[PDB]
Each structure stands twice: as structure tokens, then as C-alpha cells.
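A short write-up of the structure that comes next.
Note that we place each Cβ from the backbone using ideal geometry, even for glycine, and neighbour counts take in every protein chain shown. Since every read-out is calculated from the coordinates, none of them should be taken as a lab result.
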Amino acid sequence: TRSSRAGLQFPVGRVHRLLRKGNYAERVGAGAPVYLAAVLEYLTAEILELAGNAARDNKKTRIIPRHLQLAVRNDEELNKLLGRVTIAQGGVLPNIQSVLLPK
Amino acid sequence: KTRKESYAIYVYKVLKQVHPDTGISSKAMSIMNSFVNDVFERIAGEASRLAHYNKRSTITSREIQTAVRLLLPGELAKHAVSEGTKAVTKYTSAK
DNA sequence: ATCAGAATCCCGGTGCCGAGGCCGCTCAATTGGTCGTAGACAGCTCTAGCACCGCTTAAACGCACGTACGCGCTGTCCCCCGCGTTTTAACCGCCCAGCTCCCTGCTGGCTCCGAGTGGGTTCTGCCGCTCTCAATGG
DNA sequence: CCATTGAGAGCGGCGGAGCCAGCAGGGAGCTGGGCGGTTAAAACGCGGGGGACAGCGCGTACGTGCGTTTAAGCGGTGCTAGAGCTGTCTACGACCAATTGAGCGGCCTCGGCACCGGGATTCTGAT
């Protein structure tokens, strides 16, 4: 493969195909399917990280959409990135405005 | 019975790399796959304009790189460039 | 606070269906390889970006004053709240329809095609490779 | 008496008309999906509390004006850095073909977790 040759889990082949076929440019370098597959791999790790955490915190062995949402909205940097994305079955973070609380 | 692709199995392998004793639902699996494709477009897209902007025909790891720096928030970008520059050099090692 | 009193949480039992795993096939990836061109890189020129100055003055700053708006208070009246009853929209049992069971219709295959009679002429596989005989060479 | 071998001869091959059979193509059975019955979310009833909103008044901050003060804008001159245009060589990518397992659908069993009925707690409102 090449996932091997770059220590990646993410299909370095698949990616090289998709760049060429998805009409981004005439020609496509050798490093880029690797650079990108990596960045894709990197980021899917950070999510899987904090969601899993969240599934532990929420006492489950399996990650459901909520755990993703919690991971995402609680992370300041990830939340920005997915600033315009609604995640199916995410729900919302619990947040109740002060002045609404009892006295 | 059509052979529809995804990133499912690799998402999993990476899941094991980070949370070995943890699993995932199909519903969340879709979200991970959606996430991957969305991010792939956004980076690929930026890269594409980058090339054009600079009257050049090739999307190299460099184009991808700077694409990443426009697409990602300070810290997440930072690590991304790492893993990016790393796996590339490690790739150009082997042959 | 101090009370009971809800409503909510956490817990142990049970249960079922989607996770996560393996079976094996196939098609996308990888390999080895050629060809040419995009773009790297070194050379060169020529724009406009930076710098720096002083004459001019329009803009900015700083303060004085009071006006009219921010907001804090009150006071009233009613619009939504929570608790509850009845109507309606959603979940379980029956009846009707799609997946299914039956007939209807074209085409290929098979059989038959008058009795009798006379005469005629043509047609019973053909080559060739081994075993045997007894003629005839020494 | 001895003897290779031509010749003899024999076997292994080299038209036309009319019934039934087969098939393929189009409706309405019994298991799935759409309507009736039951039953849970919604519309309505009831009535009281607190929030909206309007009025008022106080206190003060922000608009206005003027005199003082600061530096923007002007155009004018000088300097070279860097962009943009140029010119050669070649590395890296696309493209073609042939071989190989990574990845997908299809498969079954199994356990993480939805379900709940009981007992543990953590508040809310009344007092």
C-alpha cells in the first residue's frame, strides 16, 4: 500500500483517486494524497478521542451521535470548524440563562 | 447489489488507536463519514483555488498544506501541519 | 431553616436486535514503464513601494455646561402558567393488496399423403500395411 | 541345406397441412401493508399569579460648542527591493497494461444497552 509507507490508517490510494476525479486541478502531486489523508486521519482522531471520553463520561461503551455533538460543541476549536453543521441526533448542550433561574 | 464505498473501516481502526476498548453506532458512523467527506471537500476546494490563483496546474502537498492553514483554527491547524509534514516525509522515506 | 412530598435518579433484572465479526469474491489499487511538459530556477529590468521633509490646515483633543435619556421604582391588569377533562392523532388488531399462483396463447415437431400392374437400367467399400509361400540367390 | 524377400492375400483402417408439447406473458390466493378500534398526545376548560407594560421621577452621561493642539494630507524627490517577465533542462505526473489483495455485502451470534418496576435521593412549596 502507501498507508503503510506513511504510517497512516487512512486509505492513501482512495484519496489520490478522489482528488484526480473530483476536478480540483489538471495534475495531482504524490505528496498531497498523503498529506491530506493524514490531516483527515489526524482530525478524525481528535473527534473520536473527545467523543469516546464523552461516552465514558456518559457511561457507555458505544459512541452515539450525541457523544459526537458533546465532544464538538464543548471543544472551542472543533466547534468553530463545524460552526455551520447540524449533527443529526445531536441535541444541544445544557445551558439555562441566569435571569431565568429561580431566586 | 451495488458496492457503495465509505471511510467506515478506517474510522474504526483509528478509533482503536485512541480508545481501544470502545465502540460505535451506525448512526454515529454516518456522522463520521459525513464529517470526513465535508472536510475533504473544504480542503480540496481551497487547494483548488490556491492553484488557480497562482496560475499553476498542480495540487501539491504544499497547496494542501496552506489550504489547511486557511481552513483550520490556530491549534487544530498546528497539529494538522505536523501529522501532514510527518506522514509525507515518512512516505518519501519508504519506496 | 424544617417539614413532608413530589418527581428524578440509580439500580438490579431481563431481553432483543444491531453491532462487529468472518466468509469469500472482485475491482480498485499497485506495479513497471514510457513521454512530455509545468514549473523550477537562475538571469535581468523595471515598477511602485518605502522613506523622508516641510508648508498648510483640517481634524482631533480637552474642557465646560446642562439637557434630555438611561434606568430604577412603582403600580395595575391579563396573559400564560400549571392542574385537570374531553377530543383527537398514534399504536394495536382485522381486512384488503402485493407477492404470488393460475390460465391463455404462440410456435416447433411429427405424421400422412389411392389401388393395383408391366417393363427397364443401375447398383454388393477401397487402400494399404503386415503374415505367409515357396521361387530362387549363395 | 540354407535364406532374404517379391509376391499373394487378408484384415485393420477411412411439400403442405394439421394435432400436442414448451414456453412466455398477464391477472388475484396468502403474508405484508392499509384501514378500523383502542388509547396517548393535543385542544380545551379553569382560574390565579407574576410578568408585561405604562407612568413617573431622579440622576447623570453624552452632545454641543470653543479654544487649544496635534498630525493628516499634499506633492516633490530620492533609492532599491522585489515583482513580473524571461529562458533553459528535467523531474514528476499522466497514461497504459497486467497482477494482486483491500474493501464491500452478506452472513450469523452475541452482548451493550433500551426497558422497566422498585427504593434511593434530592429537591419544591407549604408552613
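Here are the numbers for the structure shown:
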quantity: Charge dipole magnitude, Cβ of K and R +1, D and E -1 - the protein assembly as shown, Cα centre, debye nearest 20; calculated: 660 debye
quantity: Rounded to 10°, Cα long-axis angle of helix B:74-93 versus longest principal axis of chain B; calculated: 90 degrees
quantity: Simple Cβ-charge dipole of the stretch B:7-93, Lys/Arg +1 and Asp/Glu -1, about Cα centre, in debye nearest 20; calculated: 260 debye
quantity: B:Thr58 long-range amide H proximity, modeled H, under 5 Å; calculated: none
quantity: Rounded tilt (10° steps) of B:61-71 against the dominant C-alpha axis of chain B; calculated: 70 degrees
quantity: Sequence-distant residues sharing a close amide H with B:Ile24 (under 5 Å, placed H); calculated: A:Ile63
quantity: Relative contact order computed over chain B (Cα-Cα under 8 Å; 6+ residues apart), in percent; calculated: 18 percent
quantity: On Cα atoms only, tilt of A:65-74 relative to the major axis of chain A in degrees; calculated: 80 degrees
quantity: Most fluctuating residue given options A:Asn58, A:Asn23, A:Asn74, as computed from a GNM of chain A linking Cα atoms under 10 Å; calculated: A:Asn23
quantity: Contact order normalised by residue count of chain A, Cα under 8 Å, 6+ apart, percent; calculated: 17 percent
quantity: Inter-centroid distance (Cα atoms) of the stretch A:51-93 relative to the stretch A:1-26, Å; calculated: 28 Å
